[PDB]
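K.L.:
Dropping in the first section of the assembly, placed as in the complex:
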Amino acid sequence: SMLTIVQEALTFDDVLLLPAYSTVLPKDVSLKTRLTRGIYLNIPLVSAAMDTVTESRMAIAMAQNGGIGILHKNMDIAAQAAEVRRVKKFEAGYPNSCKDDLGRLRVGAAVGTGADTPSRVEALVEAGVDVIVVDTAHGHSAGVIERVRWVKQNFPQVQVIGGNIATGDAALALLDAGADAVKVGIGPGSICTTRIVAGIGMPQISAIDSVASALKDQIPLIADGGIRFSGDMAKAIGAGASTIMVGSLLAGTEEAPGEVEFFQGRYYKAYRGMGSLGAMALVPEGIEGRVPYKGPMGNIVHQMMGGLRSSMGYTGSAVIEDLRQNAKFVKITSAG
């Protein structure tokens, strides 16, 4: 047989974490973790670089709650550089705030690889951005690898993240490029149609496992796409993630961009893939639609972290590294 089947790949619904001996209470566990090898967060949450999820308003909310938001790149360099500054300059009237050495809220910005990326990077770095995200659909490519190298070579004073990838090989490639972190996710996202359009994908749990196993903790990985519930977060971290990037979960919140729309007595906001027709206005690889209005994103964050605190209670994980190194899984069937 010539068919090369590399493994049976697993998503979130395929596995459960096993409870284990435990002395720590959910309320006492530590959620602190690494976004990059130089940036730490207080909760392992990143808002997605999407024009329906993260602009300055959301990014400020993320930082205030311990995480970080990745400003999207569907805007000209000036507007995006200005968004960075709104975050960097914001002043409150938040004990877990995520902050740089100068005590400013941390923020991040997506870039591409096209001909505007040198100017965009420069502007964002001068605006004080903490991490550049080279944010593409296929990170295991010569263009993303060399653009990651260029940012490290030419702006070594800022952290750089590359993606997206889904194999040990790609992760090893971006690591040698100089990346401070890789972002993991090809196919898992809620608004993704790559699986249908290109037949391309890697179940996220097996994806996380592949990248983490190859990286050997030299740099953190962000598990990006497909998180639907707090449980998914613990499975991801237990599979080896250091942080989790979420789009749908924060779409429709107060702080997300877009106007609340009234439709048949309910309240909605728009949520669309960056690869959707409307986003790009290359065959589309994403859908666009409405998600219910969710109110303040704070409630969502506290709920998701309560869930993860509960999980590290069952696993006996006093800090994030314990979940990463010690979780045990079982594989469940369709019935389960």
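P.N.:
All right, it came through fine. Numbers count the residues shown, from 1 in each chain, chains lettered A, B, ... in the order given.
K.L.:
what residues are up against the residue lying closest to residue A:242 once chain neighbours are set aside?
P.N.:
Nearest residue to residue A:242, sequence neighbours excluded (C-beta to C-beta, 6 or more residues apart in numbering): residue A:220, at 3.5 Å. Heads up, the C-betas are built off the backbone N, CA and C, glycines and all. Shown in contact with residue A:220 (C-beta atoms under 8 Å, 6 or more residues apart in numbering): A:33-37, A:181, A:242-243.
K.L.:
Looks like residue A:236 contacts residue A:245 (just checking).
P.N.:
No - using C-beta atoms under 8 Å as the test, residue A:236 is too far from residue A:245 to be in contact (10.0 Å).
K.L.:
residues near residue A:229, how many?
P.N.:
Look at residue A:229: counted by other C-beta atoms under 10 Å, it has 13 neighbours.
K.L.:
I'd guess residue A:268 is in a strand, am I close?
P.N.:
Yes - looking at residue A:268 with DSSP: H, G, I helix; E, B strand; the rest coil, it is inside a strand.
K.L.:
thought it was touching residue A:294?
P.N.:
No - using C-beta under 8 Å, residue A:268 is not in contact with residue A:294; the gap is 10.1 Å.
K.L.:
Show me whatever sits in contact with both of the two.
P.N.:
Joint contacts of residue A:268 and residue A:294 (C-beta under 8 Å, 6+ apart) are residue A:252.
K.L.:
The residue nearest to the spatial centre of chain A: what's it in contact with?
P.N.:
By C-alpha atoms, centre = their mean, the mean C-alpha position of chain A lies nearest to residue A:245, the distance being 2.2 Å. Contact analysis of residue A:245 by C-beta under 8 Å, 6+ apart lists A:46-48, A:70, A:183, A:185, A:222-225.
K.L.:
So which of these is the closest to residue A:20?
P.N.:
residue A:223 (21.7 Å; C-beta to C-beta).
K.L.:
Give the helix, strand or coil label for that closest one.
P.N.:
Classified using three-state DSSP, residue A:223 is strand.
K.L.:
thought it was touching residue A:244?
P.N.:
Yes - Residue A:223 is within contact range of residue A:244, at 5.1 Å (criterion: C-beta under 8 Å).
K.L.:
higher neighbour count, those two?
P.N.:
Higher neighbour count among residue A:223 and residue A:244: residue A:223, with 31 against 27, using other C-beta under 10 Å.
K.L.:
gap between the more buried one and residue A:229?
P.N.:
Counting by C-beta to C-beta, to the nearest Å, the gap between residue A:223 and residue A:229 amounts to 14 Å.
K.L.:
One more: residue A:284?
P.N.:
Distance from residue A:284 to residue A:229, by C-beta to C-beta: 27 Å.
K.L.:
ditto for residue A:23
P.N.:
Per C-beta to C-beta, residue A:23 is found 26 Å from residue A:229.
K.L.:
extra chain here, label it chain B:
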Amino acid sequence: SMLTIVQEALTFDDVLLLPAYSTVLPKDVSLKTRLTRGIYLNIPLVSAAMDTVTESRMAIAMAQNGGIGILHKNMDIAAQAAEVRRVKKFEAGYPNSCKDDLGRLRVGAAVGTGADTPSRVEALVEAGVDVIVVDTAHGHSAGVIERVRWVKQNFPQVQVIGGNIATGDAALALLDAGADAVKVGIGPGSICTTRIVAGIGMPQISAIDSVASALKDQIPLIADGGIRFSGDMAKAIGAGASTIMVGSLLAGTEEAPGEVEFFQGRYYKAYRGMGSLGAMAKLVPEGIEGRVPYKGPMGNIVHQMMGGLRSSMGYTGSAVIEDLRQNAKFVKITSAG
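P.N.:
Adding chain B to what we have so far:
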């Protein structure tokens, strides 16, 4: 690959018991078994320690029918001790009744690990409870292990169960602590959202097998949560269970707590996990609250449950519960079947 997959875990719908050579008729099989290493029931059914399932009215029905109820702890100590006493001195105007040495209907009572636990245990024992159920979400913990050891040390004249657990390891920890049985079930219950909130769980068939395998019959286990049909009970016992705890199947019956509410024709009672907002009214909820259809007297339900179980031991050639535990053969089925 750093991904530690311990096994493929099976729930109830993953397996079926094989029929085997048989000489015994469903009607002639014995359902007697042990709840703890010192307490025998006449049927292997235990009702759940939930404020929508077991108060004294339900515990008396359970005893009268050959099993036992575990009174829930969602009430102050005075109220729980009175519940024990109602069941313990209940007198009938029931040839299978489950009774202590003094001929009194048996009853159990749940406690937690909070600082009220010493007074609660003392009052429940003083009132004549037959078994203390140290009842938590995660029994493989120091608080529950040390609380199980403290009950055995300080009140050796009452039986103690620990849980909930789902691994051989946690069963050995509780066995070492003095437990007279363990309660198995992390995630399987009908009102359990723990799978979604924490990503935590162990399919119940594999859970039972893992616990039973480690214990080697030193103490029994109670299979708790996820029972939907009489067939589930046969599988549980075949996988190594000694008894079966149920909440959903007895919720909504006449004897379960709560009022019958009318609503668009049908009649209902409430049913909710002890991890629901409503029950706990801080940990985020780990269960749901809702209505279940009113079912009428619990006895009819128990009789159908045990009739189905009698059907199964007929098919398996099991004349007593222990035959089913030791001799059951399984097959794994797919999603199609």
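K.L.:
Could you re-examine the neighbour count of residue A:229 with chain B now present?
P.N.:
19 (other C-beta atoms under 10 Å in any protein chain shown).
K.L.:
Quick one: residues contacting it.
P.N.:
Residue A:229 sits next to A:307, B:196-197, B:199 when contact means C-beta atoms under 8 Å, 6 or more residues apart in numbering or on different chains.
K.L.:
Endpoint to endpoint, stretch A:252-264 covers what distance?
P.N.:
17 Å (C-alpha to C-alpha, to the nearest Å).
K.L.:
what's in contact with that stretch?
P.N.:
A:51-55, A:57-58, A:60-61, A:250, A:267-271, A:290-297, A:300.
K.L.:
ok, back up a step: how far does the helix or strand where the residue nearest to the centre of chain A lies sit from its chain's centre?
P.N.:
Assigned by DSSP states H and E, residue A:245 belongs to strand A:243-246. Computed by C-alpha atoms, centre = their mean, to the nearest Å, the chain-centroid distance of strand A:243-246 equals 3 Å.
K.L.:
Wait, residue A:240 touches residue A:209, no?
P.N.:
Yes - between residue A:240 and residue A:209 there is a contact under C-beta under 8 Å: 5.9 Å.
K.L.:
Now the one residue in the stretch 51-200 of chain A that gets nearest to chain B. Nearest residue, chain neighbours left out?
P.N.:
Nearest residue of the stretch 51-200 of chain A to chain B: residue A:168, at 9.5 Å (C-beta to the nearest C-beta). Using C-beta to C-beta, 6 or more residues apart in numbering or on different chains and skipping the chain neighbours, the partner closest in space to residue A:168 is residue A:214 (3.0 Å).
K.L.:
Near chain B, which residues of the stretch 151-300 of chain A? Just list them.
P.N.:
A:205-206, A:209-210, A:212-213, A:229-235, A:238-240 (C-beta under 8 Å from any C-beta of the partner chain).
K.L.:
Now intersect the residues you listed with the helices, please.
P.N.:
A:205-206, A:209-210, A:212-213, A:230-235, A:238-239 (DSSP state H).
K.L.:
If any of those residues are buried, give me the PyMOL selection for them.
P.N.:
Here is the PyMOL command that selects the buried residues among those (16 or more other C-beta atoms under 10 Å in any protein chain shown):
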select buried, chain A and resi 205+206+209+210+212+230+231+232+233+234+235+238+239
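K.L.:
Report the two of the ones in helices among the residues of the stretch 151-300 of chain A next to chain B separated the most.
P.N.:
Taking C-beta to C-beta as the measure, these reach their widest spread between A:213 and A:230, a distance of 24.6 Å.
K.L.:
Output the strand or helix carrying residue A:145 as PDB, nothing but the C-alphas.
P.N.:
According to DSSP H and E, residue A:145 maps onto helix A:142-154. Extracted in PDB, the C-alpha atoms of helix A:142-154 (Å, rounded to 0.1, in the frame of the first residue of the first chain):
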ATOM      1  CA  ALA A 142       9.600  29.900   3.000                       C
ATOM      2  CA  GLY A 143       7.900  33.300   3.200                       C
ATOM      3  CA  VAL A 144       6.900  33.000   6.900                       C
ATOM      4  CA  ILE A 145      10.100  31.400   7.900                       C
ATOM      5  CA  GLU A 146      12.200  34.100   6.300                       C
ATOM      6  CA  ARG A 147       9.900  36.900   7.500                       C
ATOM      7  CA  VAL A 148      10.300  35.600  11.100                       C
ATOM      8  CA  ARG A 149      14.000  35.700  10.700                       C
ATOM      9  CA  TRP A 150      13.800  39.300   9.400                       C
ATOM     10  CA  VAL A 151      11.900  40.500  12.300                       C
ATOM     11  CA  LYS A 152      14.300  38.900  14.800                       C
ATOM     12  CA  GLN A 153      17.400  40.200  12.900                       C
ATOM     13  CA  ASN A 154      16.000  43.700  12.500                       C
END
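K.L.:
Chain C should join the structure above:
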Amino acid sequence: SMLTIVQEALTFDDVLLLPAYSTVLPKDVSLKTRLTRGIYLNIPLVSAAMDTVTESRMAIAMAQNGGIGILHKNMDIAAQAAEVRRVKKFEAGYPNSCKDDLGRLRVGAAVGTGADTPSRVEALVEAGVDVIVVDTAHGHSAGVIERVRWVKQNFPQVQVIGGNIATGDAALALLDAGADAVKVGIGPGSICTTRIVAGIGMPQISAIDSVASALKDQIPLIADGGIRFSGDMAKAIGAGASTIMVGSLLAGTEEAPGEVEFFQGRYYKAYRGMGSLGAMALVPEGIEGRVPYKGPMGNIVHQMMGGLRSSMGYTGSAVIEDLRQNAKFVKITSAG
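P.N.:
Placing chain C onto the earlier chains gives this:
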């Protein structure tokens, strides 16, 4: 680990027959096969011993079309013996008719193991029944094995079948009892709830395989329960079956027992398990209900046999026995 899992058992929907090199067209295959080591049929179809499926009227249709029917036992001894004579003496004004040496339509009759069985067997044999079916829920029992032995010792001039079973061990036991065939099926039937009531069952393809492998063709097996389309018959036979018993597919035909009822514009007939509340009036192990009225069973038989001919075309099977010995399967997943 103490859990004894004997195998992953397969049902019809888990497997597909593989086409193979072929020289005989579907129109040219032979459907002839053996009910018992004594009785041959011209098609491998047996109608179910159910009070909504098989009384004399349907038993005659089965025989005329080359098969045979098993009259149910939910009637007194005199009524069942009269049903037998009705078939045995029927006269038409059917080239594939299934017939004994004297040219009479063949027929069969179900009995149990209760106190009445000696009388019942005796009346049936004197009425000319071709085969006795010791018809129980659990053939791997002392009662059924001994009753089968007693029918064979005391009425060696009629053929006897025992069931139902689902393992090699049980098939061996009935073989040594003197059974001239065994009937395979614990769980598969359309109206069965035993899997829900007792947690008991053998996926039918694996059941057939386990019985057929144990027997090594010493006696035929009847694959009883779970047949939904003609394709299932091809898999049962390829798995090892010599005949196929069906209830659901023939219920609601004109010849089946019962009246047609009018309901909301459709036309229905009753279909209920022999272990349902109504049929028995032991906790019930089957359901009661309606099935659409289907008209003359003759069209159903012809469509079923068409599909089996088509299947024997694809497999290069000129005779039933070629499908029995030569079928190759693939296992398939949920998606397919």
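K.L.:
The neighbour count of residue A:229 with chain C there, same question as before?
P.N.:
19.
K.L.:
Same check on residue A:278?
P.N.:
With other C-beta under 10 Å as criterion, residue A:278 counts 14.
K.L.:
Excluding chain neighbours, what is closest to it?
P.N.:
residue A:288 (4.9 Å).
K.L.:
and the gap between that neighbour and chain C?
P.N.:
27 Å (C-beta to the nearest C-beta, to the nearest Å).
K.L.:
do residue A:18 as well
P.N.:
Distance from residue A:18 to chain C, by C-beta to the nearest C-beta: 15 Å.
K.L.:
For that residue, which non-adjacent residue is spatially closest?
P.N.:
Closest to residue A:18 by C-beta to C-beta, 6+ apart is residue A:328, at 4.3 Å.
K.L.:
what do you get for residue A:61?
P.N.:
That would be residue A:255: by C-beta to C-beta, 6+ apart, it lies 4.4 Å from residue A:61.
K.L.:
Next: residue A:284.
P.N.:
Residue A:284 sits nearest to residue A:277 (C-beta to C-beta, 6+ apart), 4.9 Å away.
K.L.:
Kindly report the same for residue A:52.
P.N.:
Once flanking residues are discounted, residue A:52 sits nearest to residue A:271: 5.0 Å by C-beta to C-beta, 6+ apart.
K.L.:
so who does the one you found touch?
P.N.:
A:52-53, A:191, A:247-248, A:251-252, A:288-291.
K.L.:
please redo it, this time with the cut-off set to 6 Å
P.N.:
Residues in contact with residue A:271 (C-beta atoms under 6 Å, 6 or more residues apart in numbering or on different chains) are A:52, A:251, A:291.
K.L.:
re the thing from before, pull the number of nearby residues for the residue nearest to residue A:278.
P.N.:
17.
K.L.:
If it is in a bridge, with which residues?
P.N.:
Applying DSSP bridges to residue A:288 gives these bridge partners: residue A:272.
K.L.:
Surely it is in contact with residue A:277?
P.N.:
No - using C-beta atoms under 6 Å, residue A:288 makes no contact with residue A:277, being 7.1 Å away.
K.L.:
give me every residue that touches the closest residue in space to residue A:10 that isn't next to it in sequence.
P.N.:
Nearest residue to residue A:10, sequence neighbours excluded (C-beta to C-beta, 6+ apart): residue A:205, at 4.3 Å. Residue A:205 makes contacts with A:10-11, A:15, A:239, as judged by C-beta under 6 Å, 6+ apart.
K.L.:
among the residues you listed, who's most crowded?
P.N.:
Greatest neighbour count in the contacts of residue A:205, by other C-beta under 10 Å, goes to residue A:239: 31 neighbours.
K.L.:
looking at it, it is touching residue A:209, isn't it?
P.N.:
Yes - with contact defined as C-beta under 6 Å, residue A:239 counts as touching residue A:209 (5.3 Å).
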